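Take a look at the letters that make up each chain.
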Amino acid sequence: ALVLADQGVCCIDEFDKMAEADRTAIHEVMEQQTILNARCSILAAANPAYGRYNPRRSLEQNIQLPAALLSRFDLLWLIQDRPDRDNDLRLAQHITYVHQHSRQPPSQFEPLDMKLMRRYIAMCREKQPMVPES
Amino acid sequence: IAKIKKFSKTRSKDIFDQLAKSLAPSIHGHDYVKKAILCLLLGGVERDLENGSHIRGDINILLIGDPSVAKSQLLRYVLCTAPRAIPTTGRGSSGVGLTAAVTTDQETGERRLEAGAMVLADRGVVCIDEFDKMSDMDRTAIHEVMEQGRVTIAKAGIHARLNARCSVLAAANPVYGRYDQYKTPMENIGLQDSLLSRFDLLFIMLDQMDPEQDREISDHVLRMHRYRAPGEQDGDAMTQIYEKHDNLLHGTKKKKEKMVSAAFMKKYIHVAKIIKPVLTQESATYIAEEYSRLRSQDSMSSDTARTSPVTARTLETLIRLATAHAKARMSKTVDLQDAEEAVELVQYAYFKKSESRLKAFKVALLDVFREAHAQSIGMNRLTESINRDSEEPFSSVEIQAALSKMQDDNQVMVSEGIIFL
């Protein structure tokens, strides 16, 4: 799977639900993008061990992954299902509108098409900016 | 067709009441289970979007309870009645059996796809007895079908996606063998939150040995056992809308009511499934408010516990049950009682076993007095701060009544427009 997504994106979910043996091989792919070449962007998804994130416990214990593996991820994003009444009502109404109207709720600007975004990303990948010394 | 129209016009609201009642004469009680089975037979509405996203229109129901409460009997009856019904036991079929597989043909060297158990049962019913004995991994395999009703297969040289739009009945036993009244339902069920959330309805059946209930069950069983088919000699080894009354199957007391025949019931179910209802705006706000009440009930649960977590899929289940109940009676629009029936079903399934004036006045007084840090406060600031942070500028007469009550309590004294504690 890692080789198949060369020069692409490897989206993997249930990362926390995998044996450490594969995790060990994942470190080389993360550090050197090689296995063969594995030049891919890794997008991993994870869940808490107990089903709920506990802020009391440390991050590593709640993720049951080594600190080095998390460090090799350049970005970490935690999402918690914090219960807020107004936010819950807004989410519920948006879900209702998406369900009924077959469409997203009307935002300020209509989102661009998938093909247009793909072409824009392809063109933006073509440029190689140089970092100024200032 | 004429008989169906006459029955629909005469029995306007009783249809959903009668069909659930006449669903299984051989099984006594379990009205809610019969209503859920009727809703499954009717089914929801599948909606396809302009973006192509698919929204499931099937319902998943899991029954858990003590042995000998006539669950396998219900499963067998559904298998007999449903057009495309497939029984798959727990360990009888594995993931390879349930999910379509790829086989390399030796004759030509190509790879072909062989359909699984769920693939064949398209727009049908799949019955799974002893669901507890099934491994977690087959549960993960079935999760995709229960979520989106599709199976994606990819083996080097070939890749495909097959439709698996189907409904599932599941019967499982508790971990301890018999359901524990004292222990919480979470321990008794012993299943992950994701599997329960993906299920739409959870039913818990208890073998309550009440005097009258035991007597009635014994009488029903004896009457069914003593019954013999007409036209047959005793001791031998071996379409009207309403069924003909029988002294043994129905009884003398049940002469006032009649049961619907199987063929007419099947035809009406098919016609109802053909019907495509439309949701109304009046029911939408009521359903949303009741869903908000259900989500906020966590602070109002009292000693009652919840069998399943409440997620965004519960709103989908409410809409689908309302659609099925609207399909029960030949109509075009969704009414209030249509949503009320689904709400009552959810209430039954999900859960198992002035003064504010004074409080606001006291809170405002606290804020005023320790925003001043002194024992004397000017009247203008008093009134402005009391009626500024409060959404309602309170009535002067009731304010003075509260002041008099607190003066009788020797907590507050007002003198010449200045308040002292």
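The residue numbering used throughout counts from 1 along each chain in the order its sequence is written. It may not match the entry numbering, and residues with no coordinates are not shown. Chains carry letters from A onward and ligands carry numbers from 1 onward, assigned in written order. The full assembly is larger than what is shown, and all values describe the shown chains rather than the whole. Only hydrogens and water are set aside; all other atoms, that is, all heavy atoms of the structure, feed into the side-chain values. Residues with missing side-chain atoms are left out of burial classes, side-chain pairs and their counts.

Our working rule: UniProt positions are given in the numbering used here, feature names are shortened, and annotations may be inferred rather than shown by experiment.
This entry's official PDB title is "H. sapiens OCCM bound to double stranded DNA". As recorded by UniProt, the Catalytic activity comment attached to chain B reads in full: "ATP + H2O = ADP + phosphate + H(+)". Comment text from UniProt for chain B, heading Sequence similarities, reads "Belongs to the MCM family."

**What to know about helix α4 (residues 85–101) of chain A**
Spelled out, the test is: Numbering of helices and strands starts at the N terminus; helices are DSSP runs of H or I of at least 4 residues and strands are runs of E of at least 2. To estimate the expected span of a helix, subtract one from its residue number and multiply by 1.5 Å. Only heavy atoms matter for contacts: two residues are in contact if any of them lie within 4.5 Å across the pair.
Over its 17 residues, α4 of chain A runs 24 Å from end to end, which matches the ideal 24 Å to within 8%, given 1.5 Å per residue. Of the surrounding secondary structure, the elements contacted by the buried residues of α4 of chain A are β2 (54–55), α12 (281–296) and α13 (312–328) of chain B. Once α4 of chain A ends, the next one or two residues include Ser102 of chain A, with phi positive near 65°.

**Focus: the pairing of strand β6 (residues 111–114) of chain B**
Residue and element names in this part refer to chain B. The condition is simple: Two strands are said to pair when DSSP picks up at least two bridges between them.
Taken together, the 4 bridges between strand β5 (residues 101–104) and β6 define a ladder with antiparallel strand orientation. Counted as the bridge partner of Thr103 is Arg112 from β6. Connecting the antiparallel pair β5 and β6 is a turn made up of 6 residues, with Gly109 showing a positive phi of about 85°.

**Considering the side chain of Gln297 of chain B**
Residue and element names in this part refer to chain B. Threshold: For every residue, the accessible area obtained with a 1.4 Å probe (protein chains only) is divided by the maximum for its type, and the residue is called buried under 20%, exposed over 50%, and partly exposed between those limits.
You can see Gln297 is positioned in the loop between α12 and β12 (305–306). Given the relative accessible area of 11%, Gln297 is considered buried. Ignoring sequence-local partners within four residues, the contact set of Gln297 consists of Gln347 and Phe351.

**Structural notes on unusual backbone geometry**
Of note in the backbone geometry, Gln33 of chain A takes a positive phi value of approximately 55° without being a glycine. Turning to its location among the elements, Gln33 of chain A is positioned in the loop between α1 (20–32) and β2 (40–44). Its identity is not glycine, yet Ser302 of chain B carries a phi of approximately 60°, on the positive side. If you trace the backbone, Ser302 of chain B turns up in the loop between α12 and β12.

**As for the nonpolar core**
Cut-off, in case you're wondering: Take the buried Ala, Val, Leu, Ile, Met, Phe, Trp, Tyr and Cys residues and link them wherever side-chain atoms come within 4.5 Å; each set so joined is a nonpolar core.
Counting residues in hydrophobic clusters, the biggest one holds 57 residues, and the most contacted among them are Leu19, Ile37, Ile61, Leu169, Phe203 and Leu321 of chain B. A per-element tally of this core places helix α3 (residues 31–42) of chain B first, with 8 residues.

**Description of the interface of chain A and chain B**
Stated formally: Summed over both partners, buried area is the accessible surface (1.4 Å probe) that two parts give up on being assembled. The rule for a salt bridge is simple: a side-chain nitrogen of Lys or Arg has to be within 4 Å of a carboxyl oxygen of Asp or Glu. Within 3.5 Å is the distance limit for a polar contact, defined as a pair of N or O atoms, with the added protein rule that one can donate a hydrogen and the other accept it, and that residues adjacent in sequence qualify only through two side-chain atoms. The classification used treats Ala, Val, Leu, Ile, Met, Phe, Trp, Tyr, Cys and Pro as nonpolar, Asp, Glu, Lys and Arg as charged, and all other residues, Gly among them, as polar.
In this assembly, 8 residues from chain A lie in contact with 12 residues from chain B. Buried area between chain A and chain B, summed over both chains or domains, comes out near 890 Å², and the portion from carbon and sulfur atoms is 60%. Summed over the shared surface of chain A and chain B, the number is 1 salt bridge. Among the ionic pairs, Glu50 of chain B bridges to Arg103 of chain A, the shortest N-O distance being 2.4 Å. Taken together, chain A and chain B are joined by 2 residue pairs in polar contact. Tallied by class, residues from the side of chain A that touches chain B come to 3 nonpolar, 4 polar and 1 charged.

**So, empty space enclosed by the protein**
All names here are of chain B. Filter applied, for reference: A pocket, in this scheme, is an open set of points on a 1 Å grid over the protein atoms alone with protein on both sides within 12 Å along at least 5 of 7 lines, while a cavity is a set where a 1.4 Å probe fits but cannot get out; residues line either one if an atom lies within 4 Å of a point. Grid points are joined across faces, edges and corners, and a volume is the space filled by probe spheres set on the points.
Here the largest cavity is characterised by a volume of approximately 80 Å³. Lining the largest cavity are 13 residues, and of these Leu196, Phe199, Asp200, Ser308 and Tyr350 sit closest to its centre. Listing elements by their share of the lining of the largest cavity, those giving two or more residues are α9 (193–198), β11 (201–205) and α13. Of the residues that constitute the lining of the largest cavity, the class distribution is 6 nonpolar, 5 polar and 2 charged. In this model, the second largest cavity occupies a volume close to 40 Å³. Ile37, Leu40, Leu41, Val78, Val125 and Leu169 together form the lining of the second largest cavity. At 3 residues, α3 tops the list of elements feeding residues into the lining of the second largest cavity. Here the residues of the lining of the second largest cavity sort into 6 nonpolar, no polar and no charged.

**Regarding the packing of aromatic side chains**
Residue and element names in this part refer to chain B. Heads up, the condition is: Think of it this way: a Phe, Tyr or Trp ring, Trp meaning its six-membered ring, pairs with another when their centres are within 6.5 Å, and the plane angle makes it stacked under 30 degrees, edge-to-face over 60, tilted otherwise.
In total, this model carries 6 aromatic pairs over all chains according to the counting rule given. Ring centres of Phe131 and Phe199 lie 6.0 Å apart, and the angle between their planes is 85°; on these two criteria the pair is classed as edge-to-face. Of the two residues, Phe131 is situated in the loop between β7 (125–128) and α7 (136–148) and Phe199 in the loop between α9 and β11; the sequence distance between them amounts to 68 residues. The class of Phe131 is buried, set by a relative accessible area of 3%. Using a relative accessible area of 3% as the deciding quantity, one classes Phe199 as buried. Through a chain of ring-to-ring contacts, three or more aromatic side chains come together here, namely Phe7, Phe264 and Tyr268.

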